[PDB]
Amino acid sequence: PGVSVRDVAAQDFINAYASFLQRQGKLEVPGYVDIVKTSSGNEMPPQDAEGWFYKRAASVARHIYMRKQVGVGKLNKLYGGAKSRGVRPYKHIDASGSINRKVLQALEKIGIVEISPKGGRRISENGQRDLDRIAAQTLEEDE
Amino acid sequence: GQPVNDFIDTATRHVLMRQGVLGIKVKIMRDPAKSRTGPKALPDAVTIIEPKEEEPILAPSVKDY
Amino acid sequence: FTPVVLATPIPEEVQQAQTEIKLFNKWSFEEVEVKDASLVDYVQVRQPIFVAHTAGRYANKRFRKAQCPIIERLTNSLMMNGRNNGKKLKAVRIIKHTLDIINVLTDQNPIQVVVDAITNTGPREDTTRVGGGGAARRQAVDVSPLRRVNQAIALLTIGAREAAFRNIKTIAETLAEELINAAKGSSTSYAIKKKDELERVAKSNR
Amino acid sequence: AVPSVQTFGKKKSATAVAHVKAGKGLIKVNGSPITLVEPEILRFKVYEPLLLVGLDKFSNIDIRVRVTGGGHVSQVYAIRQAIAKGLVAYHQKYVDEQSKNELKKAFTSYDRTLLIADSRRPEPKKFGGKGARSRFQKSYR
Amino acid sequence: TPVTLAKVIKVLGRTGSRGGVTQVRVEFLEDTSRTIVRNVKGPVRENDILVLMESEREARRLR
Amino acid sequence: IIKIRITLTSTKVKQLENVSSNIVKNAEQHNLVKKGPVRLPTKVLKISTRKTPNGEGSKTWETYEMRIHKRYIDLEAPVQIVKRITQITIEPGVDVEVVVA
Amino acid sequence: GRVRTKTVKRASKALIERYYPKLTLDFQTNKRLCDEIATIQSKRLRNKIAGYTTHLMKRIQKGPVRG
Amino acid sequence: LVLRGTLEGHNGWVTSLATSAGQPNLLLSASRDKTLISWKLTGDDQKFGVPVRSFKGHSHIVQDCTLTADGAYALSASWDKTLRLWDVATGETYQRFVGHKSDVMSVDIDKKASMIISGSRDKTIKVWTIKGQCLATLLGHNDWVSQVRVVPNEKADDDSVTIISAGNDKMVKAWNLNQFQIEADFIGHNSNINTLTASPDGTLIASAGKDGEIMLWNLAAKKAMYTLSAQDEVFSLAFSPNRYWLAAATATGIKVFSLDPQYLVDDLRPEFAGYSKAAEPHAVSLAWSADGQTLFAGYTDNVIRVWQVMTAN
RNA sequence: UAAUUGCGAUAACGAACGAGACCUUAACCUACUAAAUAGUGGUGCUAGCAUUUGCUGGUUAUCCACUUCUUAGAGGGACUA
RNA sequence: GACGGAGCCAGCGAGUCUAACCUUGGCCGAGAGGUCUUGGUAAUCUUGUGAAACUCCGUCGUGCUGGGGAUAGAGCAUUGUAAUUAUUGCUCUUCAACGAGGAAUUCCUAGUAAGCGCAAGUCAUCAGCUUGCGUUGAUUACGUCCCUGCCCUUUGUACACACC
Ligand SMILES: [Mg+2]
Ligand SMILES: [Mg+2]
Ligand SMILES: [Mg+2]
Ligand SMILES: [Mg+2]
Ligand SMILES: [Mg+2]
Ligand SMILES: [Mg+2]
Ligand SMILES: [Mg+2]
Ligand SMILES: [Mg+2]
Ligand SMILES: [Mg+2]
Ligand SMILES: [Mg+2]
Ligand SMILES: [Mg+2]
Ligand SMILES: [Mg+2]
Ligand SMILES: [Mg+2]
């Protein structure tokens, strides 16, 4: 009786949407997905190599639903972290804009996000629809 | 205090003589009673106006109109 | 039981338990008594608390720490050393895990275990300093009950810290086994070892 | 129509604006259920008001909280106030004084002040030290 | 062991060179007329219960 | 009949206040809608520097503050009335700017 | 601590000296009285005047004072 | 006249008490806890009345409250220079009078619920209509106006309403509002004055002050009758309407007196505990019921209570 | 007493600077004035799911209403009641 | 506890006119950064400064180890007329002491200490610095004159550049 991604938990929903995007597979990932560190503030590549890009896609799709319009700068600021500069103190350094834009335009070529005026990217019709249906199946996953 | 920032005017002047320069510090505290704007007194004076007295018994009566 | 179902879930487990009795997470706050005298009115186990994180002002006046419930004091003493000065949400998880381990090791009430541990490791007789020209002496002096409770909690947490600095065992396990042995003093707790050395040095220096 | 009241809850920098209206009985923060806020162990801290007084007294109220400023603990301790003051304000404005009063007795019997906010504010930092009271280490030698 | 449960009546003064040891007048919770002075290390109010294992030292000012 | 915006600012609060009182007074005896003034956040110009002219002594710092107060009012008035407001209301220190749009 | 200074003491003594019948036993009424019959320039100072004036009123009702 | 149970719910000195003639089961209390609480009476051994509604909206202490006869319009005069008119149900402000330059002392509505009068600290009395038009401004008092009280005229709602007022320059003024001039002035008070009230028939004034003498004046013949020491600071004054008595809340307790003939009725003492003899809680407010069977007394320990007229034995 | 801060005593009396008072800031105001350069609610248009009312959103010339939160200005409040 | 994912929240402020500042958004690039535009003389735009510590789920595992990141080599960029005794930034590789610190000694009584980052200042570029700000937020006193000193009174003095 009324379902939303706000009404479903975050981690669970993100795992289930990552598993759905794994089961579909139409994401056309770039060739350098194993190379990258996802930020210059990292030092090791992501551990779960087979699904880190799809988890990033799930998180970005949820973010676009939650907000009005954001860009690659906002995504890099969010997915950045603390850079270990050695003996010097930590700083906040932005994430990898290349993989952020690759996952953004991959969600575009699926049809989940599109170009929003005054700049930006906003959630689509079928994108809001399929995020809401998988929010449903995560709500009624109870036995 | 802010009373010094309100009422006191200070001036500094360098005077050149045949020896080294002389420093004149002039400080003038204005009276409060002849001020035209702002407070008229220092924030310490509690000036109390005197009352007037009336006879108590008064022969209690009424007036007709 | 009369549950009221809304479109917001409000699950039945928290519904039933915390409508019936004002608990911990799921732990009864009644039927706990301080087994010994001289620590009542200070070991605050008469007013219940959901979660030890409270924004209560206790350091303003003189004995509001005595008015404070004891589990928050356990978290606040789990808090020390400069790596972890600030992370009392983390300290609350450690404490929840510790009391879970207490329940697994022994079926009795974990708050009763904490009370018994504090009671059995409060150092009854300390030793103070006297000028004493020459060897600069020490004289045995008894301990006020709030200082008993404070030194008890400090001994427990320092023992857990140093026994789980570089080990496989985690802070929750080390604190739980120290609390178990302090509840049953078996000459194995660092807290009761420091208590015993304090008592023997006091009875020597008196 | 829409018999609603607006209340607030503050901690150090968090402002939580609670809209409290007569409805079906739902309780939501930032468009999401209370059962989904993420301070992890402070899920019970939010429930504290709802629980203490009793779910019954909320079985006819819709409250929606919009939250700004301050870190996560500041966020949660503010919801607590709003879903308790909005409660106290609603029972003031619409129902019996004995009911509002006995809610006040329960709240002040158990309180982490709840209805009143904390007057503790971050004092300003002074020169000669990285902290507000602590000063730089001097050497003498 | 001769454990003794005392109960304060009065606070006399804060002795000790560094000023941390407080003098108290205590009774013993079985005789009303049996009262002595004690040195205490911690903070002490009126109406609290102290623990002694030895009750006849009768100490005085610390230097 | 033109809809314009008048924005005043200064550093001295009291003369800014009676400038604004004069403006709202004159608009109120010649009403246009009501347009009470809107009060912006005060801009605190903070400049911190050392007390010492040389580099000797205890390290004592000082913070000078300038306070910028800024208000705006909307008017929808004809030509000569816009004028007579803008040349009659004028005091030292308060800088007032008028914009057509 | 809360020791009151010569300004508030001297002022309150003058007020209770020359305004006894009009002045009351309540702080709120007494501070409205002080606001109306004294041209004091500070709000906190006025509150201090009224508080010490109320203290002297209670002591006068209790018994005769030397001041 | 025995205690019928104590009444709590406030955190300030209970400055004003009032009732409703149309609905005699209702009480309104205005106190120094910055709120006005309306209560429904029950008649219980202890809790004589239960609070049913609490009204807020002031930024300072409220001093006076006045009701219309049936109990639908309620005015309050509060020391944030505010007058405000509530209803009784659902608690919303019908209107707010502002315009007074200082604290407001007393408000009164006429018998036909059309004329509202407010005397206040800026040495003046505003008279307003119901909607919020300042009908007139009246001066004359060189000092604090203590209180105002309306006086209704003869039957069939004759084309005049009278008013009386007391001000702290030893002055009492009786005015008529048909074309706004002065008609009577009363002198004779030894000291400060705080409280007067007017007869239910509308021709007697009783007035009272600091040192315990009560004067009574008559407007029909415009003459003074007498004066009567209470030996203490009298605070509040009330008329027992049908039975025609004089209740006076004073600094030690209650003094209720009789008019026909001149005899003291009762020096009413409340039992207290825990207080020394030098800190006895005095009186603040009195009110009589619609038919005057009950006087409610509000006291400085945030406590109202009630004593009902009953045969002495 | 934080304080030659006061009570008092008194060959001293009456004063002055300093302290305090003062000023700024942080706290309270569902009391005033307001405000698409801060918001909120409703109304239109529109998107999902549920559809049975609803829930989550978006929307500048869609207006309307308000100032609780945000800003200020004028005040109030604590004076150890 | 390190790492890897996700969750995800501040406040103080600064910013271009005859200049070229803060930069959104789109695209290229592993990254740093580059390019095409846009908004802002500023409660409007940068900016909800989506900060970090934290929270959750996972990898590791008492191993100087995935702790630690000094010292080195190679390359790619930016600022600048000019970077060679590396301006800085990024990438890969090298992976040292350090296993909680002796005599001593500093600061601190509540939103304080401590942890955590951010803004501004100097600034073409360069923070491990300072000045402010917010986030998370303990313990232990509520005293004493023992050490170090301070104020008042009395007292002694062969001191007055005054106990050096
Ligand atoms: Mg991250
Ligand atoms: Mg660090
Ligand atoms: Mg700090
Ligand atoms: Mg809409
Ligand atoms: Mg991490
Ligand atoms: Mg912000
Ligand atoms: Mg490493
Ligand atoms: Mg810089
Ligand atoms: Mg350089
Ligand atoms: Mg430098
Ligand atoms: Mg000698
Ligand atoms: Mg000599
Ligand atoms: Mg020598």
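Residues numbered from 1 in each chain as written, not as in the entry; some residues may be left out. Chains lettered and ligands numbered in written order. Part of a larger assembly, values for the part shown. Heavy atoms only, no water. Residues with missing side-chain atoms left out of burial classes, pairs and counts.

1. Details of helix 3 (residues 43-62) of chain G
Residue and element names in this part refer to chain G.
Here comes step 1: The end-to-end C-alpha distance of helix 3, which contains 20 residues, comes to 29 Å, matching closely the 28 Å that a straight helix rising 1.5 Å per residue would cover.
Here comes step 2: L45, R46, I49, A50, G51, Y52, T53, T54, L56 and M57 are the residues of helix 3 that are buried.
Here comes step 3: Check the buried side of helix 3 and you find it contacts helix 1 (6-18) and helix 2 (27-37). (Helix = DSSP H or I, 4+ residues; strand = E, 2+ residues; numbered from the N terminus. Expected span 1.5 Å × (residues − 1). Buried < 20%, exposed > 50% of the residue type's maximum accessible area, 1.4 Å probe, protein only. Contact = heavy atoms within 4.5 Å.)

2. Thoughts on the interface of chain G and chain B
Here comes step 1: Contact residues are listed per partner, giving 12 residues for chain G and 13 residues for chain B.
Here comes step 2: Buried surface at the junction of chain G and chain B, summed over both partners, amounts to about 1000 Å²; 59% is from carbon and sulfur atoms.
Here comes step 3: If you sort the residues of chain G by the area they bury against chain B, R18(G), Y19(G) and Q41(G) come out on top, with a joint share of 46%.
Here comes step 4: Across the chain G-chain B interface, the total number found is 1 salt bridge.
Here comes step 5: The salt bridge involving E50(B) is made with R18(G); its shortest N-O contact spans 2.6 Å.
Here comes step 6: Along the contact surface separating chain G from chain B lie 4 residue pairs in polar contact.
Here comes step 7: For the side of chain G that touches chain B, the element with the highest residue contribution is helix 1 of chain G, accounting for 4 residues.
Here comes step 8: Of the residues contributing to the side of chain G that touches chain B, the split by class is 7 nonpolar, 4 polar and 1 charged. (Buried area = accessible area lost by both parts, 1.4 Å probe. Salt bridge = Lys/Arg side-chain N within 4 Å of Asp/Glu carboxyl O. Polar contact = N/O pair within 3.5 Å; in protein donor to acceptor, adjacent residues only side chain to side chain. Nonpolar A, V, L, I, M, F, W, Y, C, P; charged D, E, K, R; others polar.)

3. Focus on the sheet that holds strand 2 (residues 14-19) of chain H
Residues and elements named next belong to chain H.
Here comes step 1: If you walk across this open sheet you meet the 4 strands as 2-3-4-5, and the pairing is antiparallel. The open sheet has two free edges, formed respectively by strand 2 and strand 5 (49-55), since each of these has just one partner strand. Taking each pair of neighbouring strands and ignoring which way they run, the sheet shows an average axis angle of 25 degrees.
Here comes step 2: Two strands pair when backbone bridges link them, and strand 2 and strand 3 (residues 26-31) are joined in this way by 5 bridges, in the antiparallel orientation. Its bridge partner lying in strand 3, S16 is registered against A30. (Pairing = 2+ DSSP bridges. Axes fitted to C-alpha atoms, helices over the stretch in contact; angles between N-to-C directions.)

4. Considerations on the arrangement of the chains
Here comes step 1: Regarding chain A and chain C, the two do not touch, and the least distance separating their C-alpha atoms is 7 Å.
Here comes step 2: The two units chain C and chain G are non-contacting; their minimal C-alpha-C-alpha distance is 17 Å.

5. Notes on a positive patch on the surface
Here comes step 1: Together, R57(C), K61(C), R64(C), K12(D) and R120(D) line one region of the surface with positive charge.
Here comes step 2: Along the polypeptide, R120(D) turns up in the segment after helix 3 (97-110). (Patch = residues over 30% accessible without salt bridge, like charges linked within 9 Å, V, L, I, M, F, W, Y side chains within 5 Å. Areas by Shrake-Rupley, 256 points an atom, 1.4 Å probe, with all protein chains shown as cover. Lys, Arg positive; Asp, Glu negative; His and termini not counted. Charge placed at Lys NZ, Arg CZ, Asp CG, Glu CD.)

6. A word on the protein's contact with RNA strand J
Here comes step 1: Close contacts around RNA strand J come from 115 residues, with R121(A), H53(C), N76(C), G86(C) and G70(D) the closest.
Here comes step 2: Take the atoms of RNA strand J that sit within 4 Å of the protein: sugar and phosphate atoms are 74% of them.
Here comes step 3: Measuring from a phosphate oxygen of RNA strand J, one finds a side-chain N or O atom of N150(C) at 3.1 Å.
Here comes step 4: Between a base oxygen of RNA strand J and a main-chain N or O atom of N167(C), the distance comes to 3.1 Å.
Here comes step 5: When residues of the surface near RNA strand J are assigned to their parent elements, the largest contribution, 6 residues, is made by helix 3 (residues 72-79) of chain A.
Here comes step 6: For the surface near RNA strand J, the residue count by class is 31 nonpolar, 40 polar and 44 charged. (Near = heavy atom within 4 Å.)

7. As for the nonpolar core
One broad rule of soluble globular proteins: the nonpolar side chains tend to lie buried together.
Here comes step 1: Core analysis: the largest hydrophobic core is formed by 78 residues, its most contacted members being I70(C), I118(C), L179(C), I34(D), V65(D) and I79(D).
Here comes step 2: When residues in this core are grouped by element, the largest group, 9 residues, is from helix 2 (residues 72-94) of chain D. (Core = buried A, V, L, I, M, F, W, Y, C linked by side-chain atoms within 4.5 Å.)

8. Regarding the pattern of salt bridges
Here comes step 1: Applying the stated criterion to the full structure yields 32 salt bridges over all chains.
Here comes step 2: Through salt bridges with shared partners, a single ionic network connects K203(C), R206(C) and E54(E).

9. Here's the deal with the packing of aromatic side chains
Residues and elements named next belong to chain C.
Here comes step 1: In this structure the tally under the stated criterion is 13 aromatic pairs over all chains.
Here comes step 2: On the numbers, 6.1 Å between centres and 15 degrees between planes, the contact of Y42 with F63 is stacked. With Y42 in the loop between helix 1 (12-20) and helix 2 (64-67) and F63 in the loop between helix 1 and helix 2, this residue pair connects regions lying 21 residues apart in the sequence. In this structure, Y42 and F63 share a single accessibility class: buried. (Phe/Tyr/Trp six-rings, centres within 6.5 Å; stacked < 30°, edge-to-face > 60°.)

10. Quick look at the packing of helix 6 (residues 145-163) of chain C against helix 7 (residues 171-183) of chain C
All names here are of chain C.
Here comes step 1: As a packed pair, helix 6 and helix 7 sit with axes 9 Å apart at the nearest point and diverge in direction by 135 degrees. Between helix 6 and helix 7, the angle is such that the two are oblique. In the crossing of helix 6 with helix 7, the sense of the turn from one axis to the other is right-handed. Contacts between helix 6 and helix 7 pair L155, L156, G159, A160 and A163 from the former with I171, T174, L175, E178, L179 and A182 from the latter.
Here comes step 2: Residues that form the contact of helix 6 with helix 7 fall into these classes: 8 nonpolar, 2 polar and 1 charged. (Parallel < 35°, antiparallel > 145°, perpendicular 65-115°, else oblique. Left-handed = near helix turned anticlockwise from the far one by under 90°.)

11. Some words on helix 4 (residues 88-105) of chain C
Residue and element names in this part refer to chain C.
Here comes step 1: The end-to-end C-alpha separation of helix 4 is 25 Å, in line with the 26 Å expected for 18 residues at 1.5 Å each.
Here comes step 2: Among all positions in helix 4, only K88, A91, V92, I95, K96, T98, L99 and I102 are buried. Buried positions in helix 4, seen along its axis, are confined to an arc of 160 degrees and lie on one side of it. Exposed residues pointing more than 90 degrees away from the buried face of helix 4 are listed as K90, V104 and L105.
Here comes step 3: Buried residues along helix 4 sit in contact with helix 3 (70-78), helix 5 (110-121) and helix 7. (Arc of directions from axis to C-beta.)

12. Here we look at the protein's contact with RNA strand I
Here comes step 1: In the neighbourhood of RNA strand I, 65 residues make up the surrounding shell, with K68(A), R64(D), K6(G), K31(G) and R44(G) lying closest.
Here comes step 2: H19(D) is positioned such that a nitrogen or oxygen atom in its side chain is 3.0 Å from a sugar or linking oxygen of RNA strand I.
Here comes step 3: The element that contributes the greatest number of residues to the surface near RNA strand I is helix 3 of chain G, accounting for 7 residues.
Here comes step 4: Residues that form the surface near RNA strand I fall into these classes: 13 nonpolar, 22 polar and 30 charged.

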